[PDB]
Amino acid sequence: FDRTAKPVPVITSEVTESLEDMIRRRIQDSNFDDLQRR
Amino acid sequence: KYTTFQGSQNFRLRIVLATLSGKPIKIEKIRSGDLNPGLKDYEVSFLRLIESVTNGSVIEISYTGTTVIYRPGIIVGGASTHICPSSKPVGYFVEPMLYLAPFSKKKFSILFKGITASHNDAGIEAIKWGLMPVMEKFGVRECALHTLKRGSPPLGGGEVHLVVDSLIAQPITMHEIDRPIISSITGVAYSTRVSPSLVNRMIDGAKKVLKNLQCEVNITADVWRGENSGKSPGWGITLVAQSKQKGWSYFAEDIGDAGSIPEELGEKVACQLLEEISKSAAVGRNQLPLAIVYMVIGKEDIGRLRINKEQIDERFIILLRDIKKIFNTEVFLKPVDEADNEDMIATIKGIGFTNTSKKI
Amino acid sequence: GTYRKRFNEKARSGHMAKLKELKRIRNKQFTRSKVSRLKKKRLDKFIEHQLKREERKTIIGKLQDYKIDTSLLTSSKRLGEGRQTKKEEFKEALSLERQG
Amino acid sequence: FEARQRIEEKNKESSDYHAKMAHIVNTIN
Amino acid sequence: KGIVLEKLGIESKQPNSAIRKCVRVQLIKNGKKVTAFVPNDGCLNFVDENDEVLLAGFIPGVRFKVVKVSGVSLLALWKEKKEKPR
Amino acid sequence: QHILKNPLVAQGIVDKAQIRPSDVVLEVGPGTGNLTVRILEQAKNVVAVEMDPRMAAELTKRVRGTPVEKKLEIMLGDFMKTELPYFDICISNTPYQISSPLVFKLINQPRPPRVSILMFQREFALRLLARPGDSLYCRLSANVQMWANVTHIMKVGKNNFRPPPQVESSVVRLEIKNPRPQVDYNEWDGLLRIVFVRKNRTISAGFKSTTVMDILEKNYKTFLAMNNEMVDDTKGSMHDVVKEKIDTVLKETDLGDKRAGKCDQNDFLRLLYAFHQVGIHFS
Amino acid sequence: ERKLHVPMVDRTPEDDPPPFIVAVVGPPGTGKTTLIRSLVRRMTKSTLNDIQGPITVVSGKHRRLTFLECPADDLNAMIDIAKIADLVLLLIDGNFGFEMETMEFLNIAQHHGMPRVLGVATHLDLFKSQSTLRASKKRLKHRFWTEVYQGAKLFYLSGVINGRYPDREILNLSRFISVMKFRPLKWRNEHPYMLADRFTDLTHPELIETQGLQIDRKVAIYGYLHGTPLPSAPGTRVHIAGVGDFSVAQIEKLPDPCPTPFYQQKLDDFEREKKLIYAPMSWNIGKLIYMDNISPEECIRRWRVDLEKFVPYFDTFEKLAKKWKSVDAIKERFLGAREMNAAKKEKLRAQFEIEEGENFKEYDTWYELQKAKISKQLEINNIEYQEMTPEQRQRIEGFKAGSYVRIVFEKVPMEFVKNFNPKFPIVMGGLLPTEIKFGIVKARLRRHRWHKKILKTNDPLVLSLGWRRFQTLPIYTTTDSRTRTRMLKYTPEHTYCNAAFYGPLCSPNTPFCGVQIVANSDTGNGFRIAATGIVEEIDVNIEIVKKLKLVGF
RNA sequence: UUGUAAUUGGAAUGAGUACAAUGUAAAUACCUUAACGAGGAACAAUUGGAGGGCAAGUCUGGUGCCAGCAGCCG
RNA sequence: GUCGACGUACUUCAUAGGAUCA
Ligand SMILES: Nc1nc2c(ncn2[C@@H]2O[C@H](COP(=O)(O)OP(=O)(O)OP(=O)(O)O)[C@@H](O)[C@H]2O)c(=O)[nH]1
Ligand SMILES: [Mg+2]
Ligand SMILES: [Mg+2]
């Protein structure tokens, strides 16, 4: 049977691993896209 | 009903030849008298590999494991991953896949994991610079063996990706009735989890033996370190003598054990390379079985290959008998007209084999 | 039309003979495959190159027979200058004194 | 679970087809 | 004359597309490979790999159209007035 | 600055480099990194020399979080000034201003690369590729051909570069010769310099210059000094003997009346050997 | 341009080719038999009162013909003659005109590889007006041209006198056959086949009585081989059309029973150095390698371990090191890298040939280049076969075409021996490995244009793949814009549709035809060729799917 | 007062068949002509081009119900 | 050898201007 909409994503261990590796990579070089005072 | 064989001798060849021919076979009395009878762990793994790349095949292993019934199906190929047991290296499993890959419905894309070198089986370089070059001569235009990670014994940990993009109806008819002229000597001296000095010393040793020759010598130094270097220290050398005129290559390989002098290994492989050349006419002994099998499965024409008498050994005779048992083909040998050497021409009529699995 | 290619020249050899004779009389005033030609050209070039290589090897050997260092010799880069400063004169004097 | 597998599966089929169309059209012209 | 190597647009999803009507043909006279049109996908069924095809002048870049296959006119086949001899 | 945008030529350059999977590649003038990513795809590891820190940072950002990230290494500095690591292949799209030094540096590396794919402007590449007797045959051609072999890969036009430059470009292959031929670089270059001041004149006329006579006489005196033979050192002591020596060698070699632009490698080697025989050392 | 074609290989032997099979096919009562008798008389000057089964006759100095009268009322025969006949003499009743059987055979021949076709119109003496006779000839000829080709030769026979046709036309027909040449067809040049000339049961009658007639029999079949050479070793799988698949128990060659005059002259020529009709139904290492009794180690020592160990056996390192202290004895293999100048030049010329000879080493057209490569390989085959001895040659290539052979089959059904009619031909065909396998066949199929009714899914259909005829249940499908394989209820009226069925596998590109009715009782008046197609793929499984809709409110 | 007829009435005729005669060296054919020869006049004119419309059908894309491709397949 | 020059055969980029109306 065809599906009409995207399924709700599941947070499996691999997804969490990839996300935390992403965060560690970003923070290693201090690559933060944060608001800067004008 | 079944063509019956005896013993574990030529286990891979008999299974492969059955698959190409489509003829069901039975292999019985496999290590009956041994304390541990039946198939080894790696033998079963090879059968698992055969099942992955084919569809419709039926394999029965007897309760005691000393008899195998193999009813081959069509070769289909595809993408798959195979874990090679530590008992055998990847080369043990890659070598038979070369025979079946070019005649498959879909491209072979197999990732072999395990030990990447051994003292008795084909190394990574032996396939890359020693066997696929023979395949290219037979019409397999594009084929590659990528070395993602090296794994030396005993812990291994290596990874190699076999891709055979060429799909062909059958090998081209071979016509090689001369002794190729060797133009240059190349080679690869690799090491893992060790200092670079070993690879340099191995290259030093090989250069000492080969210096008197009259062709250029250039041996690559491929020192692997880090995450891709595997789990155990290891180092080996592969020397290839290349004949650029017709694209023929003769190779000798070996690896070093702990405590062995790197220079001695380099000298030994260099000496072995010269021994292979003196014994070879058109192809080396280790490349000979692949050449003969490909000739057998060519178009229904007479292919000629020059072979030195030194190549006609016990291994050659048993190979021909297995081919005759499965294919009913007979290799006709005639002496060459020349007198300087005692070479002979092996004339093989192809069986008219064709790759019917491929879709049009 | 006189000397055009014929379908079977061998079958009319005598005819061909006449043509040759005619040419020899007509063009007497002047006389008084791709692969094959290219192969001859490359063979000639190859033999010439190999002879040049052997000559070069012999000359380089004889050069090793006659070899020295080049630190003290004045480079030919000085050909354009034609006049030297007192710094250069002092440097030359010091170098010559070191030579003795 | 099956819904996620189908969408992931259909994604690869579409991506390969679009890439495999692109190669063919490039060759012809 | 030419030899049909492969039908490039056999797999294209949109029916009767311009791509679907192209066939990759090898010119027998010189061996150069060229692309040729077929009148419609219905005719594309008749054309298969390794038949001799007679090409004539006509997706830009395709300058040839098939007029005969195996010595029989495609229009004759398309109109169900002849059978392709094999 | 001029930046290439044609992908076909970049693919061709990387392919014709013929990078073995066990090759370490020196990539000069990284720029954005269109070549660098592909070189990383098929190389053991890449060492890059970048002058602009901003461009190096952008390249690092591009390669971050990719399987080839550990392979890349970036050196910051001026390529000529830096002391470089061992590399098997050179692939450069560096600014043409350092074209000539680069080449010779590659020639004089302790272990020269087996192959290099270099882009130059059309005139410079043609002068590199020039053969004896050609119009553009020059000192560069003779010197490089003695130390290497240069072949033409492709012609890169103006339209490929944005903004368009005023000069057309070409990719050539440089293959340093191993083993290095055994001739002193200084003496080879000195002879060529003396003879190539005007390449379409007679070589004798090349040696007629008074400053050339002065240099050769000083060299002769120094040579006599090194051999422990006593030499007067006056300005015009040895002018007449050196003139006679030059005349005799030029006559016997039969090269006095041959234009430098029409003389090949062996002719200059013969002249060098003759001058060494009679006792004149150039550099 | 019209000279250019697809390069192919012709497997006809260079020496002693087999006779050409001439099938006289036509509706009942058209004059097939009287044609054969008239033709045979012209070439051999003797009249055959009765003809049954194949008849081999000498037609020239070095040419022979095998005449076979196809049973007019059988469709199964018409299929298998069509797969082997080199020439087809198509009989048409001029007064009546075309009939369905004539059209049915042509369509079978067109789909299975069109052979040479000669139209022969008879009964023209029945016409009463010369004008209407010419009109019928013109209409008959043009209709015939559409099927076969434009300008096809069509012979006209007026009346039968003494059971023979007029002499003049038979002379014209006889010459036309003589100068004829035959195309290379893909199927016939890839498989070995043979039309049985005579049939013999070798079963010992004692076994017939002790066990009874029901016992399976051993049979010997004699005839000329055609197509590719048949392997000499027994155990080859062959399919006898209308019987089943058997294995060659024994095979052995016999003297040619109808030698051509050129062959007898040549044979008698050898005798110096030291019949026109045949209608029966009417220590050398090479040897040591193939002595299995002698162990391989025993063999090696007489004229002077396993492939698991890829690395070849080598001598000890110290012994090798001493052996290779000097590089001599292999200097020949490696490149070299006032009178002596010539010696240098000869060396350099040799070096040049090795380095660049391959690059440099013409035919006008690419077609001629391919035909050059094919002809060169056939030349190399002939040279080698001449070199090997006759016993060795038969061992290597097998029994080449033209050989008169005896083939013995075991476990043959008794019904074949009992219900044996010499009129029906017995066609044996070799089978390639793929023919043995059974599985799902994916094909492109379309309803035949002249067939009245469309075909239905899971509706029995008699398919003719290769040498074999069999009934299956196909499922007609569609691509759904190359997304899924959707079951169709019926074939499209006027276009192709993918079809899947279970049966013996065969190589792709193999054309086939399908029929629904083969019995004469159910023939009726409509066209019996129901489907045509080409097999696209062979597989063990298929994923046909059908639309199922759920209905609610 | 326009269009459509597997509606309908009885008159005309040759394509074809054919006594015959003419034709021709003998024939075929033409020109003549007894007797047959018409409603689907099935005694069944062709070759190209343009434009539609239809579905509980199929594919692709997305500022919802739409658009494109197309549709012998429901 | 993705070599140079020439010969031959093709591809491609440069089209809008005036007047009225909103
Ligand atoms: N008048 C006339 N009779 C013919 C002609 N050809 C055949 N016949 C007759 O047709 C009858 C059958 O001839 P056959 O030779 O038996 O034809 P067939 O092919 O053998 O027929 P079957 O064996 O029954 O299948 C014979 O009586 C012949 O005289 C012809 O041109 N004219
Ligand atoms: Mg009959
Ligand atoms: Mg008329």
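Per the PDB entry, chain F carries the name Dimethyladenosine transferase and comes from Saccharomyces cerevisiae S288C. The PDB lists this entry under the title "SSU processome maturation and disassembly, State O". The annotation that UniProt attaches to chain F under Function is "Specifically dimethylates two adjacent adenosines in the loop of a conserved hairpin near the 3'-end of 18S rRNA in the 40S particle." The UniProt entry for chain F carries this comment under Catalytic activity: "adenosine(1779)/adenosine(1780) in 18S rRNA + 4 S-adenosyl-L-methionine = N(6)-dimethyladenosine(1779)/N(6)-dimethyladenosine(1780) in 18S rRNA + 4 S-adenosyl-L-homocysteine + 4 H(+)".

Engineer: Would you take a moment to explain the packing of helix α3 (residues 34-65) of chain C against helix α11 (residues 340-360) of chain G for this structure?
Structural biologist: For any two helices packed against each other, one specifies the crossing angle of their axes together with the interaxial distance. Their axes nearest at 10 Å, the elements α3(C) and α11(G) cross at an angle of 130°. Classed by the angle they form, the pair α3(C) and α11(G) counts as oblique. Between α3(C) and α11(G) lies a crossing of right-handed hand. In contact with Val35(C), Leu38(C), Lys39(C), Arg42(C), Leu43(C), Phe46(C), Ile47(C), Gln50(C), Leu51(C) and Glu54(C) of α3(C), α11(G) contributes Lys344(G), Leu348(G), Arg349(G), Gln351(G), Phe352(G), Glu353(G), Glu355(G), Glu356(G) and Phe360(G). Residues belonging to the contact of α3(C) with α11(G) are distributed by class as follows: nine nonpolar, two polar and eight charged.

Engineer: Help me understand the sheet that holds strand β10 (residues 158-164) of chain B, please; the structure alone is not making it clear to me.
Structural biologist: To summarise the sheet geometry, strands pair through backbone hydrogen bonds and adopt either a parallel or an antiparallel arrangement. Residue and element names in this part refer to chain B. The four strands are arranged β7-β8-β10-β9 in an open sheet whose pairing can be described as mixed. This sheet does not close on itself; its edge strands, each paired only once, are β7 (78-83) and β9 (144-149). Across the sheet, the mean angle separating the axes of adjacent strands is 15° when strand polarity is ignored. Bridge count between β7 and strand β8 (residues 108-114): six bridges; the pairing is parallel.

Engineer: Can you walk me through the side chain of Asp254(B) in this structure?
Structural biologist: Residue and element names in this part refer to chain B. As for its position among the elements, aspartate 254 is in strand β15 (residues 248-255). By relative accessible area, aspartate 254 is classed as buried at 13%. Here the side chain of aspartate 254 touches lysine 268 through a polar contact of 2.9 Å, side chain to side chain. The contacts of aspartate 254, once residues within four sequence positions are left out, are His119, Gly236, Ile237, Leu265, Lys268, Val269 and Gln272.

Engineer: Honestly, helix α3 (residues 53-63) of chain F in this entry has me stumped. Any pointers?
Structural biologist: Since there are 3.6 residues in each turn of an α-helix, residues three or four apart along the chain are aligned in direction. Residues and elements named next belong to chain F. Every buried residue of α3 is listed here: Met55, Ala56, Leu59 and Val63. Buried residues along α3 cover an arc of 100° about the axis, so they all sit on one side. Along α3, exposed side chains directed more than 90 degrees from the buried face belong to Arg54 and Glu58. Those residues of α3 hidden inside the fold are in contact with α2 (34-41), β3 (45-50) and β4 (73-76). A positive phi of about 65° marks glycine 65, the residue just after α3.

Engineer: Any chance you could explain the protein's contact with RNA strand H here in plain terms?
Structural biologist: RNA strand H sits among 21 residues. The nearest are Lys13(E), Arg484(G), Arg486(G), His494(G) and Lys547(G). Considering the 4 Å shell around the protein, atoms of RNA strand H inside it are sugar or phosphate in 83% of instances. Note that a phosphate oxygen of RNA strand H is positioned 2.5 Å from one of the side-chain N or O atoms of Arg486(G). In terms of residue count, helix α4 (residues 130-147) of chain G provides more of the surface near RNA strand H than any other element does, three residues in total.

Engineer: Help me understand empty space enclosed by the protein in this model?
Structural biologist: Picture a little ball the size of a water molecule; that probe, rolled over the atoms, points out where space is still empty. By volume, the largest cavity amounts to about 270 Å³. Around the largest cavity, the lining is made up of 18 residues, and of these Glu83(E), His111(G), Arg446(G), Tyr496(G) and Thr532(G) lie nearest the centre. For the lining of the largest cavity, the elements supplying multiple residues, two or more each, are β15 (438-447), β21 (511-515) and β22 (529-539) of chain G. A per-element tally of the lining of the largest cavity places β22(G) first, with three residues. What lines the second largest cavity is a set of 19 residues, among which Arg12(B), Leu13(B), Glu95(B), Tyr99(B) and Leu307(G) lie closest to the centre. Put simply, the parts of the chain that give the lining of the second largest cavity at least two residues each are α1 (11-21), α3 (90-100) and α7 (288-296) of chain B. Partitioned by chemical class, the residues of the lining of the second largest cavity number eleven nonpolar, two polar and six charged.

Engineer: Any chance you could explain the sheet that holds strand β4 (residues 58-61) of chain B here in plain terms?
Structural biologist: Residues and elements named next belong to chain B. Taken together, the four strands give an open sheet; going across it, the order is β1-β2-β5-β4, and neighbouring strands pair in mixed fashion. Looking at strand neighbours, the two that pair on one side only are β1 (3-6) and β4, the edges of this open sheet. Taking the axes of each pair of neighbouring strands and ignoring which way they run, one obtains an average angle of 15° across the sheet. Sheet topology places β1 next to strand β2 (residues 25-28); four bridges connect them, and they run parallel. The residue of β2 that forms the bridge with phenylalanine 5 is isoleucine 27.

Engineer: When you look at a nonpolar patch on the surface in this model, what are you seeing that I'm missing?
Structural biologist: Together, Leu19(A), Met22(A) and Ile23(A) make up an exposed nonpolar region whose accessible area comes to about 270 Å². Positionally, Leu19(A) belongs in helix α1 (residues 13-28).

Engineer: Looking at this structure, how should I read the interface of chain D and chain E?
Structural biologist: One frequently used descriptor of interface size is the decrease in accessible area upon assembly of the parts. On the chain E side, the residues contacting the eight residues of chain D number ten residues. Both faces combined, the contact of chain D with chain E buries some 780 Å², and carbon together with sulfur accounts for 68% of it. On the chain D side of the interface with chain E, the three residues burying the most area are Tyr17(D), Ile24(D) and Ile28(D), jointly 63% of the side's total. Taken together, chain D and chain E are joined by one salt bridge. For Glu11(E), the salt bridge is made with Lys20(D), and the minimal N-O distance between the two is 3.1 Å. Linking chain D with chain E are two residue pairs in polar contact.

Engineer: Would you mind showing me how to read the interface of chain B and chain G here?
Structural biologist: Across the contact, 79 residues belong to chain B and 66 residues belong to chain G. When the two sides are added together, the surface that chain B and chain G hide from each other amounts to roughly 6900 Å², 59% of it contributed by carbon and sulfur. The interface formed by chain B and chain G includes five salt bridges. One salt bridge in this structure joins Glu275(B) and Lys323(G), with 2.7 Å as the shortest N-O distance. Here the residues of the side of chain B that touches chain G sort into 31 nonpolar, 19 polar and 29 charged.

Engineer: Help me understand the pairing of strand β2 (residues 24-28) of chain F in this model?
Structural biologist: Successive side chains on a regular strand alternate, one facing one side of the sheet and the next facing the other. All names here are of chain F. Within β2, five of the five residues are buried, which leaves the element mostly enclosed by the surrounding structure. Going residue by residue along β2, you find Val24, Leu26 and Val28 tucked away on one face and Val25 and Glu27 tucked away on the opposite face as well. Bridge count for β2 against β3 is five bridges, and the pairing is parallel. Note that in β3 the partner of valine 24 across the bridge is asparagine 45. Crossover handedness for the path β2 to α2 to β3: right-handed.

Reading the values: rules and limits
- Residues numbered from 1 in each chain as written, not as in the entry; some residues may be left out.
- Chains lettered and ligands numbered in written order.
- Part of a larger assembly, values for the part shown.
- Heavy atoms only, no water.
- UniProt positions renumbered as here; feature names shortened; annotations may be inferred.
- Axes fitted to C-alpha atoms, helices over the stretch in contact; angles between N-to-C directions.
- Helix = DSSP H or I, 4+ residues; strand = E, 2+ residues; numbered from the N terminus.
- Parallel < 35°, antiparallel > 145°, perpendicular 65-115°, else oblique.
- Left-handed = near helix turned anticlockwise from the far one by under 90°.
- Contact = heavy atoms within 4.5 Å.
- Nonpolar A, V, L, I, M, F, W, Y, C, P; charged D, E, K, R; others polar.
- Pairing = 2+ DSSP bridges.
- Buried < 20%, exposed > 50% of the residue type's maximum accessible area, 1.4 Å probe, protein only.
- Polar contact = N/O pair within 3.5 Å; in protein donor to acceptor, adjacent residues only side chain to side chain.
- Arc of directions from axis to C-beta.
- Near = heavy atom within 4 Å.
- 1 Å grid on protein atoms, 1.4 Å probe; cavity = no way out; pocket = protein on both sides within 12 Å on 5 of 7 lines; lining within 4 Å.
- Points joined across faces, edges and corners; volume = space filled by probe spheres on them.
- Patch = residues over 30% accessible without salt bridge, like charges linked within 9 Å, V, L, I, M, F, W, Y side chains within 5 Å.
- Areas by Shrake-Rupley, 256 points an atom, 1.4 Å probe, with all protein chains shown as cover.
- Salt bridge = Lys/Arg side-chain N within 4 Å of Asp/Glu carboxyl O.
- Buried area = accessible area lost by both parts, 1.4 Å probe.
- Right-handed = clockwise from strand over helix to strand, strands pointing away.

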